[PDB]
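We use all heavy atoms of the structure for the numbers below, so side chains are in, but hydrogens, waters and symmetry mates are not. Every chain is numbered from 1, with letters handed out A, B, ... down the list of sequences.
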2 protein chains.
Amino acid sequence: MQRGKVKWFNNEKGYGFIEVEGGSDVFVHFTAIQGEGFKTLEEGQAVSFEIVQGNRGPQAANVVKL
Amino acid sequence: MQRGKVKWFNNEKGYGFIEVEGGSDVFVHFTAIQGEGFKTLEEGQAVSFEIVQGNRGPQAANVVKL
């Protein structure tokens, strides 16, 4: 994967951004989150993930709570 | 976003392909499958998905079983 920290995530809207070292923030949607738990993330949370290119540009995939 | 059908899926390894009417097959990994329950797909199952590009080439995302 790749590593970063959740910059913010709105659990009502179902999206937020992941902050990365030496890079632009990366959009994260709830559908990308891994695990049986409720599909939410919280400010400051450590994650591993993959950057993929969709029709709107870069986005996270395979987002795992560390 | 579009629909297709599962071409095949190797349950042990957790990946397979979705076949698209008039288009190329799309690789699908279990981590893209939405919903609760054991992450798996069955040959012939209709699905909705999006296509993203990662380091390995095009792959499915937001795979929903219809």
Side-chain angles (χ1 to χ4, degrees), chain A residues 1-20 22-66, chain B:
Chain A
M1 268 172 268
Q2 159 84 71
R3 263 206 180 64
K5 199 183 169 91
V6 176
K7 189 187 188 190
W8 66 274
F9 192 89
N10 181 310
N11 54 27
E12 194 178 0
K13 304 178 176 181
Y15 59 78
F17 283 81
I18 291 178
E19 45 187 334
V20 303
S24 300
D25 295 344
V26 173
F27 180 87
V28 55
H29 189 254
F30 76 91
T31 56
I33 304 168
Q34 300 302 299
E36 271 25 75
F38 294 112
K39 304 274 109 315
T40 171
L41 290 164
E42 67 185 17
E43 196 195 342
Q45 180 139 60
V47 304
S48 57
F49 69 106
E50 232 99 72
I51 300 167
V52 306
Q53 302 300 320
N55 64 312
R56 301 260 253 159
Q59 71 197 26
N62 199 197
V63 177
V64 175
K65 292 157 141 179
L66 310 175
Chain B
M1 198 78 82
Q2 68 205 94
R3 298 183 183 154
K5 284 196 173 43
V6 180
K7 197 185 182 186
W8 53 270
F9 187 86
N10 179 317
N11 193 61
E12 277 295 281
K13 291 189 204 164
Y15 71 79
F17 281 85
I18 297 165
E19 56 183 294
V20 176
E21 335 300 349
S24 297
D25 290 344
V26 178
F27 170 84
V28 58
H29 184 260
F30 76 88
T31 53
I33 302 172
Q34 306 293 310
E36 97 98 38
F38 191 86
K39 304 295 193 300
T40 182
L41 289 160
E42 284 290 312
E43 161 190 26
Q45 174 129 71
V47 293
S48 69
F49 64 97
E50 44 190 66
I51 303 174
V52 299
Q53 302 263 20
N55 83 116
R56 294 284 284 282
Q59 57 195 31
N62 198 194
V63 183
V64 173
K65 298 183 213 183
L66 307 166

Common cluster, A/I33/B/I33, ILVMFWY with side-chain heavy-atom separation under 4.5 Å: no
Residues, nucleotides or ligands: over 12 heavy atoms within 6.0 Å of B/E43 CD: no
Closest heavy-atom pair and its distance - B/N10, B/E12: OD1-N, 3.1 Å
Co-membership, hydrophobic cluster, residues A/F30 and A/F27, 4.5 Å side-chain: no
Side-chain donor-acceptor contacts of residues 44-66 of chain B below 3.5 Å, not counting sequence neighbours, with atom names and distances?
| from | atom 1 | to | atom 2 | distance (Å) |
| --- | --- | --- | --- | --- |
| B/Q45 | OE1 | B/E42 | N | 2.8 |
| B/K65 | NZ | B/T40 | O | 2.9 |

Pairwise distance CZ(B/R3) to CD(B/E21) - rounded to 0.5 angstrom: 10.5 Å
Nearest-0.5 Å distance that lies between atom CZ in B/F9 and atom CD1 in B/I18: 9.5 Å
Heavy-atom side-chain proximity of B/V26 to B/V20 below 4.5 angstrom: yes
NZ (B/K39) with more than 12 external heavy atoms under 6.0 Å: yes
Parallel, tilted or perpendicular, as decided by the 30° and 60° cut-offs, for the rings of B/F17 and B/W8: tilted
